[PDB]
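Engineer: Pasting a structure here, questions to come.
Numbers and lists here come from the model and the stated rules, or from a named source; none is laboratory data. Here the Cβ positions follow ideal geometry from the backbone for every residue, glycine too, while neighbour counts run over all protein chains shown.
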Amino acid sequence: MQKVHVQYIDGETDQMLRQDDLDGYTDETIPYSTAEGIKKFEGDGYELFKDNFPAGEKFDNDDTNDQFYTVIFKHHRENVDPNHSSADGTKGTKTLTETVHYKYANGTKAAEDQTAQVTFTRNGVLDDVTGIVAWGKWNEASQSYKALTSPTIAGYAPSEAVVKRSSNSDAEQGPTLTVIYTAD
Ligand SMILES: [Ca+2]
């Protein structure tokens, strides 16, 4: 009897996913199609790259050696929006917070902090096999915080009347700064 092995391969990770064995008679047409196996793996996110099983291939007349044929896949990808989830828990969004403290010259507190927030977004490409999104560059190079008006405190003037700042998309946290109140 002759033997044939059809090997289903992830060609991105060079990993064998399954092997199907068949036996037959010399010169018999190999009674196999890669169609079901291709359908199955495409259902798990793969995309056919190269099917090396030849149409109408016969079993050989070589007892010593088996026949091997690979069916090679890549990972199917699709572009996704910033709101898309990812199996590795990474996100297409981030929100940074600006914090402004209000103090007198000795560091004692003059008023309660005010805060503001900015949000950045990034598109990505989802790998259908892994469920993981490869996120691209942040779409906005920077974002500006809403203007924060320092409170009016009788008898004092703030070092900065209205605080306007921005964050760059590479920042991991927004700015934290102090407005100082000086006596009139
Ligand atoms: Ca053989």
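Engineer: Pull up the range 1-30, narrow it to residues that are away from the ligand (no atom under 16 Å from the Cβ), of a type outside the set (V, I, T) and in a loop (DSSP other than H, G, I, E, B), then point me to the one that is surrounded by the fewest Cβ atoms within 10 Å (Cβ to Cβ).
Structural biologist: It comes out as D14.
Engineer: May I ask you to say which residue of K74, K40, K103, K91 is more than 16 Å from the ligand (Cβ to nearest atom), of a type in the set (D, E, K, R) and part of a loop (DSSP other than H, G, I, E, B)?
Structural biologist: Values: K74 fails: part of a loop (DSSP other than H, G, I, E, B); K40 fails: part of a loop (DSSP other than H, G, I, E, B); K103 fails: part of a loop (DSSP other than H, G, I, E, B).
Exactly one of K74, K40, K103, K91 is more than 16 Å from the ligand (Cβ to nearest atom), of a type in the set (D, E, K, R) and part of a loop (DSSP other than H, G, I, E, B), namely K91.
Engineer: Output the qualifying pairs, or none if there are none: Cβ atoms under 7 angstrom, residues six or more apart or on different chains, first residue in the range 84-111 and assigned by CATH to the domain that holds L148, second residue of a type in the set (K, R) and part of a loop (DSSP other than H, G, I, E, B).
Structural biologist: Sorted first by the residue in the range 84-111, then by its partner, the pairs are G92/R122; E98/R165.
Engineer: All but one of (1) in a strand (DSSP E or B); (2) in contact with a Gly (Cβ under 8 Å, 6 or more places away or on another chain) hold for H84; which doesn't?
Structural biologist: The number of the failed condition is (1).
Engineer: To continue, here is another question. Would you point out the residue of the range 55-71, among those that are of a type in the set (A, V, I, L, M, F, W, C) and assigned to a loop (DSSP other than H, G, I, E, B), that is farthest from the chain's Cα centre (by Cα)?
Structural biologist: Taking the range 55-71 and keeping what is of a type in the set (A, V, I, L, M, F, W, C), we get 55, 59, 68, 71.
This time we only want the ones that are assigned to a loop (DSSP other than H, G, I, E, B), so: 55, 59.
Values: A55: 38, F59: 45 Å.
Selected residue: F59.
Engineer: So which residues in the range 82-130 are surrounded by fewer than 14 Cβ atoms within 10 Å (Cβ to Cβ), among the charged types (D, E, K, R) and within 14 Å of the chain's Cα centre (by Cα)?
Structural biologist: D88
Engineer: Which pairs do you get when a residue that is on the phi > 0 side of the Ramachandran plot and in contact (Cβ under 8 Å) with a residue 24 or more places away in the chain, found in the range 19-44, comes within reach of a residue that is of a type in the set (K, R) and not in a helix (DSSP H, G or I), reach meaning Cβ atoms under 7 angstrom, with the pair 6+ apart or on two chains?
Structural biologist: The qualifying pairs are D27/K58.
Engineer: For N79, are the conditions met, namely being more than 15 Å from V6 (Cα to Cα), within 36 Å of the chain's Cα centre (by Cα) and among the polar types (S, T, N, Q)?
Structural biologist: Values: more than 15 Å from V6 (Cα to Cα): yes; within 36 Å of the chain's Cα centre (by Cα): yes; among the polar types (S, T, N, Q): yes.
When the stated conditions are applied, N79 passes them.
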